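Protein chains in written order, with the authors' numbering: chain A, 9 to 533; chain A', 9 to 533; chain B, 10 to 464, 473 to 533. A prime marks a further copy of an entry chain. Yeah, the Cβ is synthetic: ideal placement off N, Cα and C, and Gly gets one too.
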Amino acid sequence: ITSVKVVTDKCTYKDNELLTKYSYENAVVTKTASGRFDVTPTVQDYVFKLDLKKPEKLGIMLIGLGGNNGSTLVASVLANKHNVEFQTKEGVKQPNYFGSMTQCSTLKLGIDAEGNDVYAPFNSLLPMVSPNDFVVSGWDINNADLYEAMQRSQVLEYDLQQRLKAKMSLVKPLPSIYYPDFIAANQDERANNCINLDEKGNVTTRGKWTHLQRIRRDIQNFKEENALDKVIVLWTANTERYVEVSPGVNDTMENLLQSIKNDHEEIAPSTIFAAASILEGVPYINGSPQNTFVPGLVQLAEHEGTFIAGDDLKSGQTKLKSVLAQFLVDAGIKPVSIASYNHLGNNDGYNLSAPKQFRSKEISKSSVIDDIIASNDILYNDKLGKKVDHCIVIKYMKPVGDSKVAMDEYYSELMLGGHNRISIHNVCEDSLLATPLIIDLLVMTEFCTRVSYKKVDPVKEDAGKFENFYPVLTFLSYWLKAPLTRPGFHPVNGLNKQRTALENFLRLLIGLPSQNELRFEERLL
Amino acid sequence: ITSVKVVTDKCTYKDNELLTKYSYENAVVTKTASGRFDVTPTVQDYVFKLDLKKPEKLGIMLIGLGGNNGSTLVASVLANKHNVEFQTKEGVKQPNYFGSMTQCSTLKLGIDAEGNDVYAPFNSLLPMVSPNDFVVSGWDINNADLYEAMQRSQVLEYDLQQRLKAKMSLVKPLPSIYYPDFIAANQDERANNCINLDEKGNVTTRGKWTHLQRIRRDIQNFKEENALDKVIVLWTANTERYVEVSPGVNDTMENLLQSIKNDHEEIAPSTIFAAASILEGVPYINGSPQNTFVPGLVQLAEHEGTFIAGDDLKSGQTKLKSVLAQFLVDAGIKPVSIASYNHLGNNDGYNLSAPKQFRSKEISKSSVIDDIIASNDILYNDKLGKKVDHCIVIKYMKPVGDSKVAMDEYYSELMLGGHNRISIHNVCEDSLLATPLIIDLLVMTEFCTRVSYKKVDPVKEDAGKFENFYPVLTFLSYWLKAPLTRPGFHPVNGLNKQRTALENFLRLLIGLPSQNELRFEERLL
Amino acid sequence: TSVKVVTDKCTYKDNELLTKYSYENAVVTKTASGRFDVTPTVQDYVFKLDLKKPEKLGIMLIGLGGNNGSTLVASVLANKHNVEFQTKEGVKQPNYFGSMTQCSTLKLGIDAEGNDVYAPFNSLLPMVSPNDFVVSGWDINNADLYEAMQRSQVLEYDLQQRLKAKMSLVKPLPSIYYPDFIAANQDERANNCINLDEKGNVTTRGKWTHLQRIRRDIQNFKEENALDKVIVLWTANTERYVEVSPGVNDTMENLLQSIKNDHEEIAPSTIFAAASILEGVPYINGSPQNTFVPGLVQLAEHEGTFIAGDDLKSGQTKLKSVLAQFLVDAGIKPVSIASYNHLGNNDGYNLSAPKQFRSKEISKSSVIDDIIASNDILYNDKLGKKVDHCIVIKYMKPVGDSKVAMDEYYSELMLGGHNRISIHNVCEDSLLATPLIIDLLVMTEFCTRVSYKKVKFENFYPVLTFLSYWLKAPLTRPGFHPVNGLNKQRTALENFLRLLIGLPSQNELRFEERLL
Ligand SMILES: NC(=O)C1=CN([C@@H]2O[C@H](COP(=O)(O)OP(=O)(O)OC[C@@H]3O[C@H](n4cnc5c(N)ncnc54)[C@H](O)[C@@H]3O)[C@@H](O)[C@H]2O)C=CC1
Ligand SMILES: NC(=O)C1=CN([C@@H]2O[C@H](COP(=O)(O)OP(=O)(O)OC[C@H]3O[C@@H](n4cnc5c(N)ncnc54)[C@H](O)[C@@H]3O)[C@@H](O)[C@H]2O)C=CC1
Ligand SMILES: NC(=O)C1=CN([C@@H]2O[C@H](COP(=O)(O)OP(=O)(O)OC[C@H]3O[C@@H](n4cnc5c(N)ncnc54)[C@H](O)[C@@H]3O)[C@@H](O)[C@H]2O)C=CC1
Ligand SMILES: O=P(O)(O)/C=C/[C@@H](O)[C@@H](O)[C@H](O)CCO
Ligand SMILES: O=P(O)(O)/C=C/[C@@H](O)[C@@H](O)[C@H](O)CCO
Ligand SMILES: [Mn+2]
Ligand SMILES: [Mn+2]
């Protein structure tokens with residue numbers, strides 16, 4: 009087993025709880041008309057409390073359980089949990105969670121006697137739940153069991169699917185909420201496991217509040233049937249179209265709940281699942297690009313004090329773009345044109361073949377570089393131009409299956425008329441990439457539910473009571489394309505910066521300062 | 009000077025005319041229900057007559073003279089004609105016609121004493137007009153002179169544009185026909201050199217027959233002002249939308265001419281230019297993808313006996329695709345997915361940014377592989393599947409200017425589950441590629457106008473009188489995406505096969521048989 | 010599916026086909042003034058094709074246990090026995106995709122509408138099918154072909170398992186291992202050798218005895234399976250070129266003498282070729298080494314045996330000649346062509362050594378020189394007649410048999426412009442090489458049943482240059498420079514099959530449409 013023991017007086021343990029002192033420093037800046045930056049440092053002391061008693065089993069309810077991601081996730085959990093080795097043309101392979109930052113990445117704890125960097129597993133600093141301990145279920149408008157789902161998805165090695173056949177076959181998605189207008193028309197035939205059916209047994213968008221009540225009961229039922237204490241809900245179903253946000257409809261906690269009861273046409277299935285999970289006090293993670301978290305819902309989460317988070321998985325082309333575009337601008341290079349083409353032949357691409365669904369994705373896959381452009385007015389300004397041409401294209405090409413092909417070109421300006429042209433061709437099993445990210449989101453969300461804190465008054469000992477994270481868990485931004493933010497704050501998409509936040513967080517809970525990379529043990533005599 | 013002298017009794021010269029005997033062989037095939045192919049060879053003897061008196065100057069009237077292709081063509085002609093060397097970062101460069109199959113490709117005439125292949129310039133077999141002898145003019149809805157056109161286009165080296173400044177500045181496009189509905193709305197501001205203006209001086213699609221009469225007079229005027237004997241019209245203006253072909257409108261020579269007089273809404277500017285050139289007996293070449301040659305026009309060409317030809321320039325991505333896809337299928341490999349993405353930032357891409365214009369291009373850029381799939385039912389059939397997923401994408405990205413970036417992926421099947429994935433990134437100055445192809449089309453069209461023939465009756469000497477090529481010059485298919493064909497016949501897009509046709513044609517006029525590649529001087533003792 | 014041409018150029022005489030053919034061409038000379046004098050030439054011929062093809066064709070592969078050898082056997086068994094297999098994309102049916110003789114078609118003529126009619130490449134004249142191949146061969150490693158398959162990691166696991174029972178039965182015969190002719194690492198792999206001394210050790214002494222043993226292996230294979238026709242093909246690791254010296258291997262008599270003299274320039278492939286020639290069986294060299302030294306070519310001529318080869322024209326080199334040719338035919342001037350490649354199979358491992366790779370760097374390069382030379386408008390002393398070119402092959406084990414090829418064509422356009430085409434080609438190398446081997450065997454067998462006479474029948478000059486479509490280093494007749502234009506190379510084959518059934522070469526003139 010891997011564990012870390014930090015010798016610090018900032019940390020004490022009391023009844024399965026770790027208490028850690030932390031002085032958070034930042035700075036408020038102002039810019040003079042002239043052009044001077046006045047920086048006022050700041051400080052706020054805290055005491056973080058970490059419940060060390062992690063759950064032995066964590067309930068996981070996926071919406072879209074029968075899809076590529078859904079079936080692959082269950083498969084990865086079963087395969088790893090039971091060490092289901094499988095045959096391939098490269099020979100027997102041992103199951104693993106490669107692609108999981110939470111399960112397969114490491115972090116620098118410090119330097120050793122010789123002065124060489126020492127790294128430890130990301131999940132070895134503080135107690136985290138293992139995906140091998142996930143008890144998974146969920147919903148799907150299609151009733152195929154999970155073995156059929158695997159076959160249909162064509163993601164996993166034939167031999168592996170066969171070894172998981174027996175178990176996967178017994179896993180059946182619960183009927184779900186199907187409202188025809190929110191997803192592509194071509195998914196119509198797929199919908200045969202719906203709870204919203206009229207007297208004639210047909211699909212009906214009538215009775216949206218009864219649906220909400222069923223989903224909540226589904227969560228309660230699942231939990232007790234498994235003797236679980238905690239459950240997390242994650243949406244990994246078809247990308248819906250955006251819903252119109254309007255006053256009196258979904259702008260407030262009150263208008264939203266009412267619109268739901270009135271069956272407003274701008275209440276999507278995700279709106280119902282989110283509202284249900286929130287009302288049950290269950291973390292809800294949105295893995296798709298639609299704007300499920302309209303003002304009224306966020307408001308409901310804040311009021312209920314329930315974790316919400318998400319907006320599309322940042323797994324391939326966009327993940328790398330949030331690394332490459334950052335890199336270029338940090339180097340003083342000016343990207344002026346970024347073309348991103350994509351084609352896949354799975355159900356994800358089949359649904360996204362329709363404009364209303366594609367537009368959702370198109371928006372989240374573009375937003376990722378906006379903050380980058382904004383951070384540098386030396387390169388991007390009115391005099392030199394502050395725009396970067398950016399196009400996102402997603403075409404459905406059945407023959408490539410789940411292996412999305414991403415082709416991008418970054419055309420940038422260098423000094424004295426020069427240019428830099430970086431062409432990319434990125435191929436990979438989209439689900440094998442996404443699945444571990446879904447695992448990361450659940451692992452980190454669960455970790456977050458066991459964290460609380462309280463401001464420390466310098467001139468008054470033991471003031472304030474512990475609070476929980478502000479409802480919107482921005483700490484999970486690393487795994488999302490369009491980071492949901494707190495009202496007023498702008499999102500930051502820099503991948504490396506998003507991971508650093510997670511790193512320093514774990515580091516501070518065990519009493520370590522943030523990474524500085526100064527290495528004065530070397531640079532100074 | 010380069011010239012070829014073939015010792016053959018099949019060729020005689022009489023008063024600046026070459027007379028050549030040729031026995032054309034082919035074969036008619038039938039397929040038995042059982043599955044046998046009955047092949048009946050055929051033969052038809054001919055006597056081809058080639059007018060050797062090529063014109064000293066060839067009139068060239070481009071529609072879209074002020075565009076990227078138009079200005080570049082005039083520039084290339086001026087630069088080469090006057091040996092205008094220019095400065096670059098790689099040093100002084102000498103003008104040339106690289107990219108011109110007609111000016112820079114060679115053909116194998118035979119083998120030498122040692123048995124080694126001997127090649128001669130494509131234009132050295134028989135007298136052809138030099139582009140240095142082109143007298144160019146034309147029309148454009150924009151009045152900018154050709155120097156401004158060059159600056160605006162940003163295709164040529166700054167130093168070269170400057171050396172051509174004086175001459176190019178004096179070249180001004182003639183006002184043209186602007187009908188707002190046929191091209192992108194964004195070209196509206198560009199239109200300020202129109203002949204179709206009402207009393208108020210505004211653009212009017214009224215009086216389409218007067219426009220036709222003006223264009224014809226334009227051709228007559230241009231010709232006499234330059235003391236020219238021959239002129240060729242070539243459309244290199246914005247891609248128009250397709251026009252609806254309907255009975256009583258543009259299905260016959262008669263309905264078309266009437267619709268023109270009635271100002272039918274399905275009579276585009278290209279329809280007018282084509283009709284005008286045909287009525288003037290001037291070859292008309294369509295360098296864009298719109299369906300300018302509706303049944304009624306082709307009928308008018310046949311009746312007038314005037315050369316027509318075209319439908320989009322096959323210059324880059326599509327040219328290479330007509331080589332690569334052919335190659336794969338000839339090798340028994342089965343392409344199943346071909347994704348073609350493209351982005352450019354010139355006016356061509358700005359206009360194509362609108363769906364109605366893009367659809368025209370999209371159709372011609374796809375058609376190129378249909379004949380290939382059809383030729384092999386071993387690979388493409390009902391049992392194995394006879395479809396090849398193919399998508400064409402064109403995005404406008406201003407920062408790349410005239411340097412179109414073409415990205416394609418050919419995903420094919422190999423035996424026993426294998427696949428082959430060929431990714432491509434093709435960059436180039438689109439106009440530097442297209443321009444020489446426009447030059448080729450004009451050079452070959454002019455050559456064709458000096459060719460006639462007559463069937464030879466074996467049992468009756470001197471029967472029949474000379475005829476000219478069937479109106480639709482399919483021999484130019486090498487330079488076009490969607491080869492216009494004779495009613496009933498299907499087009500062949502194989503690039504290498506298209507060039508071979510041109511090669512064997514020139515070869516037969518000087519008394520040589522088609523290339524067989526048997527080399528029995530080597531393979532046999 | 011069959012073809013029946015109504016022509017008076019072909020007469021059948023009991024499994025015999027006689028076809029008349031006038032071969033036209035032309036001889037050219039150039040005047041100082043720059044005038045080309047062309048004199049047409051014609052030579053009449055009569056071809057005879059023995060229509061009686063073998064019902065079973067013996068195939069002996071040197072390197073039978075490698076990627077190509079094992080995949081070849083698997084494809085034959087899989088197709089022959091319709092072994093469908095499971096994949097994550099579902100059940101797939103076996104086929105010979107990638108094979109020109111089995112999966113490409115040819116245009117026979119036009120229909121009543123004026124549109125092209127195509128027929129299977131192997132449907133014009135009787136050709137042996139790969140399903141009727143009886144395969145055996147040698148290998149320095151004794152692993153059975155099932156183990157060979159697993160080792161190769163070329164085929165779908167389920168297909169390997171469905172073929173396990175049959176493939177296990179196939180084991181390679183011991184072979185000749187002369188250490189110095191290949192990459193060191195191919196050492197402890199050599200556990201199956203006939204060349205051993207009275208101590209049991211691998212030796213290069215007694216080369217004539219080795220030769221005699223290969224002939225016996227060939228005779229036994231024939232008798233053992235009651236086969237009349239057998240073809241041998243080298244698909245074993247690339248050897249290091251041998252030096253051709255006078256009296257050593259410059260002639261038929263010297264060559265044989267040097268073999269008996271255990272001469273150091275007598276390579277294992279040299280012996281398999283000599284043995285095959287003596288047994289009268291066609292020998293195909295699927296590797297870059299210069300197996301066919303002068304003395305060896307004389308032996309082939311003398312025995313009237315067909316030889317052919319010098320490296321299996323791989324996909325890249327194949328597509329590279331096509332693109333380069335295409336550019337130059339369009340009047341575009343490539344000025345730089347860079348080729349980088351990496352694979353992780355034994356082939357790549359063996360080529361990781363300079364002497365093995367060097368052989369391959371010689372063949373794949375010469376192809377663009379033909380192109381440069383074909384156009385003095387673009388390539389001349391005034392504008393420059395050179396084209397920078399580089400071929401790099403690195404061993405990257407992890408990519409296994411899936412060779413990755415990365416090329417970049419940089420060309421000049423008019424008035425200072427440029428065209429940059431960069432490619433990234435990936436594929437299971439052996440899934441492309443296997444079918445190419447099937448084509449070579451099928452076409453070599455066909456050529457052996459063809460004889461001709463100008464105007473007693475004679476045979477196809479030892480070197481079957483007709484197979485250049487599948488070989489990177491086209492072996493040619495003395496004095497003649499090899500041609501590599503893939504499309505031209507396929508044209509030759511197409512027209513050959515056409516002339517045998519009385520059809521002229523394709524002209525693409527389509528006068529039924531172009532003329533009134
Ligand atoms: N596989 C491909 O795509 C291409 C292969 N080639 C040629 O074919 C050869 C084989 O290719 P692969 O099957 O991929 O390689 P491989 O490495 O799997 O096959 C060679 C292995 O070495 C053994 N071997 C070495 N020396 C031998 C000898 N003296 N007698 C008998 N067996 C011997 C066997 O041939 C064994 O299978 C290469 O070395 C090369 O010359 C050429 C172009 C492409
Ligand atoms: N696949 C990837 O790598 C990534 C996936 N995502 C997103 O995750 C989602 C799922 O992706 P995949 O698994 O590939 O797609 P998928 O189409 O295979 O799976 C989605 C599943 O959701 C079900 N479904 C649709 N609407 C539903 C509803 N209202 N209630 C319950 N079930 C419903 C469908 O029947 C289907 O089985 C999509 O929105 C996709 O864009 C985002 C980034 C990356
Ligand atoms: N540029 C290339 O490499 C190739 C070009 N083509 C086609 O050739 C055409 C021209 O291309 P570019 O020169 O790049 O575009 P461009 O936009 O620069 O030039 C076209 C010119 O035509 C003029 N024009 C538009 N409608 C007109 C009308 N009714 N009458 C007269 N003038 C009119 C415009 O004012 C403009 O100056 C387009 O349809 C393009 O798609 C096709 C294949 C390749
Ligand atoms: O590879 P990315 O840009 O990080 C993620 C991309 C995802 O949106 C895609 O897989 C999407 O679901 C399919 C269409 O491309
Ligand atoms: O490069 P291609 O496919 O041969 C020709 C492509 C031409 O249609 C393009 O330049 C088109 O005008 C612009 C949009 O791509
Ligand atoms: Mn997926
Ligand atoms: Mn252009």
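| query | result |
| --- | --- |
| Own chain residues within Cβ distance below 8 Å of residue 536 of chain A, not counting five before or after | Missing from the structure shown is residue 536 of chain A; chain A here goes from 9 to 533 and no further. |
| Chain-order list of residues whose beta-carbon lies under 7 Å from that of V179 of chain A' (same chain, five-residue window excluded) | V82, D153 and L154 |
| Contact residues within the stretch 91–125 of chain A, judged by C-beta distance below 7 Å to chain B | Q95, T96, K97 and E98 |
| Beta-carbon proximity of residue 465 of chain B to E310 of chain B, cut-off 8 Å | Coordinates for residue 465 of chain B are absent, as chain B skips straight from 464 to 473. |
| Contact belief for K462 of chain B with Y21 of chain B at Cβ below 8 Å, rounded distance in angstroms | Contact flag wrong, Cβ pair sits at about 17 Å. |
| Segment contact, 8 Å Cβ cut-off, at least three pairs: the stretch 314–327 of chain A' with the stretch 379–392 of chain A | no |
| Separation of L510 of chain B from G215 of chain A', as counted between CA atoms | 60 Å |
| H433 of chain A: contacting residues in chain B (beta-carbon distance under 7 Å) | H433 |
| Separation of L115 of chain A from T508 of chain A, as counted between CA atoms | 10 Å |
| Beta carbon of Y349 of chain A nearer than 8 Å to that of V290 of chain A' | no |
| Alpha-carbon spacing of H433 of chain A relative to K403 of chain A, whole angstroms | 15 Å |
| heavy atom of ligand 1 below 7 Å from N77 of chain B C-beta | yes |
| N- and C-terminal bounds of the alpha helix (DSSP H) containing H219 of chain A' | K216 to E233 |
| CA-to-CA distance, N354 of chain A to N234 of chain A, given in whole angstroms | 32 Å |
| Closer than 7 Å at the beta carbon, the chain B residues around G409 of chain A | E98 |
| Where the alpha helix (DSSP H) containing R44 of chain A begins and where it ends | Here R44 of chain A belongs to no alpha helix (DSSP H), and DSSP marks it neither H nor E. |
| Below-8 Å beta-carbon distance, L164 of chain A vs any chain B residue | yes |
| Cβ-based burial, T457 of chain A' [other Cβ within 10 Å; buried from 16] | buried |
| Delimiting residues of the beta strand (DSSP E) encompassing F513 of chain A' | Here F513 of chain A' belongs to no beta strand (DSSP E); instead the alpha helix (DSSP H) covers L503 to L517. |
| Between the CA atoms of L134 of chain B and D23 of chain B - distance to the nearest angstrom | 15 Å |
| Proximal chain A residues relative to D167 of chain B, where beta-carbon distance stays under 7 Å | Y166 |
| Interface positions of the stretch 339–352 of chain A' facing chain A (Cβ-Cβ less than 7 Å), listed along the chain | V344, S345, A347, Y349 and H351 |
| Proximal residues to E529 of chain B (C-beta, below 7 Å), its chain only, five neighbours per side dropped | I119 and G123 |
| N504 of chain A' beta carbon near ligand 5 (any heavy atom closer than 7 Å) | no |
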